[PDB]
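Numbers restart at 1 for each chain; the letters A, B, ... are given by sequence-line order, proteins then strands.
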Amino acid sequence: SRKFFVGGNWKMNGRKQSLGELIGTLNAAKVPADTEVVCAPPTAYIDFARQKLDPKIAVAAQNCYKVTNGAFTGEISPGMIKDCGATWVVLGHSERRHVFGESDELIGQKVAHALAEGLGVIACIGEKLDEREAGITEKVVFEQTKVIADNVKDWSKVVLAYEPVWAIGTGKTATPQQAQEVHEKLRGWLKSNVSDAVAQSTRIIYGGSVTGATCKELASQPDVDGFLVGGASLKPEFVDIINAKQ
Amino acid sequence: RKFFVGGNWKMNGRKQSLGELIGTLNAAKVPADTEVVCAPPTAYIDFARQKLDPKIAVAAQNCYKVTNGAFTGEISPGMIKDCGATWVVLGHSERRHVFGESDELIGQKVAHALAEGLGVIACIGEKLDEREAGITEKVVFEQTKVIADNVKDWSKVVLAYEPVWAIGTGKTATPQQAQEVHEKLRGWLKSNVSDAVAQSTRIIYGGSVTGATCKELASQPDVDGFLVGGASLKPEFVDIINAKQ
């Protein structure tokens, strides 16, 4: 009875006008009473988006730092995110890990701090192509999930997101079968290393390529509890994805 | 060279405290000969620009090097301008040292911000080990070199010297020591752009600036203003604004 969860990661896109249009479209959409929807704007627009979005849709920050205030030019804290009316933060996103070199240790510390501060956390994991081709998928994602888990003391406030980085912009593609395969392994990890209750209740969402044409087959997979949508989150197609269980 | 006072709020404040600070700043009579800029946390650029009197400019504390893209957690110069900010701080010691931002990356950010019509406060400075090893000039020159390459119009760029060697290290910079580096920096420039540019480029001091020290620092020949840290969050900022009065 895990509630379907659909997150929209806008990444580094949009301005007040275009994001205004996006928000208008989302406000007009009728969201199924069974679905939790979250939008993650660029950091400059967290406040803007929260003011314009219907309260039915939650706002997430795309990143944060690991202390409440300090000499960290260019960063923001969970306290600031909460203060802007946002209730989630995305942490450990593949782009943070692999373009900006954020370490597993750092990600763990951010998870610990965000949760301590009462923010919800969408914690991202996933293996690169070199890791997939080496058949080291499980090893990588388990190592990443372990660090997240060691820094969580209330799982009701976290959602795990699997990003098949190996498929995104490298050459390969992910099928609903291999998505389900990883999700099933992840939930088994939670059962084995955390608890039965945490395994049953924790939403594990898919963060690979998701289109209106592929979201139904993906959402019907037993251990896929929703999506963290990239590019399609900027377009009307996002609404189709919200209705993947319909 | 118009006196330039920037306040770097760093990762501090919330709507309530920042609203009160803005109230105090709005009430301040800003000197006609002083250009004042505040750099709020990224989440608050929009908020700050809305609340601040137009007499004070707003800066982002960082940006990335393309207009839009798959860069979760970043913002572009286009977004910064869209929020009404007119400057970005680039190459801050905290970005360089805590977040491992390379000189190359900083240079590309400078080029992009300038191309997109933003002004840039470009930060440089040596650490204690480099100072002690006698490599102040090598370090600061390499950093400035990578910046200059990405500037083909100095009109919209301010250089900020941060004595990183004096931050929590047990050493402090004297006004004389500040003046000494500012002179060397300008000398690196004057030879390398024009007499008009090294003569026109503002080099601001990013070390410890307070009400007690700002007057003496502002009086140094090659010191064109400040990039203020902690005092920027306090009424003390107004005394620093008043440094040349």
Within 6.0 angstrom of A/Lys56 NZ, more than 12 heavy atoms from elsewhere = yes

By residue number, those in residues 74-85 of chain B with heavy atoms under 4.5 Å from heavy atoms of chain A are B/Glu74, B/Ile75, B/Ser76, B/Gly78, B/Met79, B/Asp82, B/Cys83

Turns out that what part of B/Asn12 lies under 4.5 Å from chain A's heavy atoms comes down to both

Output for pair (B/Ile45 CD1, A/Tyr45 OH), nearest 0.5 Å, gives 9.5 Å

Assert top hit (heavy-atom pairs under 4.5 Å, partner chain A, pool B/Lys10, B/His92, B/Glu94) equals B/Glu94

Contacts of B/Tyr64 meeting ring-ring contact (aromatic ring centres under 6.0 Å, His included) (sequence neighbours excluded), chain-then-number -> A/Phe100, B/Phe71

Greatest number of non-hydrogen atom pairs under 4.5 angstrom with chain A, of B/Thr67, B/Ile167, B/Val89, falls to B/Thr67

Listed by number, the residues in residues 101-125 of chain B that come under 4.5 Å of chain A (heavy atom to heavy atom) are none

Mind listing the side-chain donor-acceptor pairs of residues 35-42 of chain B below 3.5 Å, one per line with the distance, residues two or more places apart or on another chain?
unit_1  : atom_1 : unit_2   : atom_2 : d
B/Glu35 : OE1    : B/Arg202 : NH1    : 2.7
B/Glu35 : OE1    : B/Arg202 : NH2    : 3.1

The reported gap from OG1 in B/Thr72 to CG in A/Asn63 (rounded to nearest 0.5 angstrom) is 9.0 Å

Answer key: most heavy-atom pairs under 4.5 Å with chain A among B/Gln16, B/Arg14, B/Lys15 is B/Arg14

Heavy atoms of A/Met12 and B/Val66 approach each other most closely as CE-O, 3.2 Å

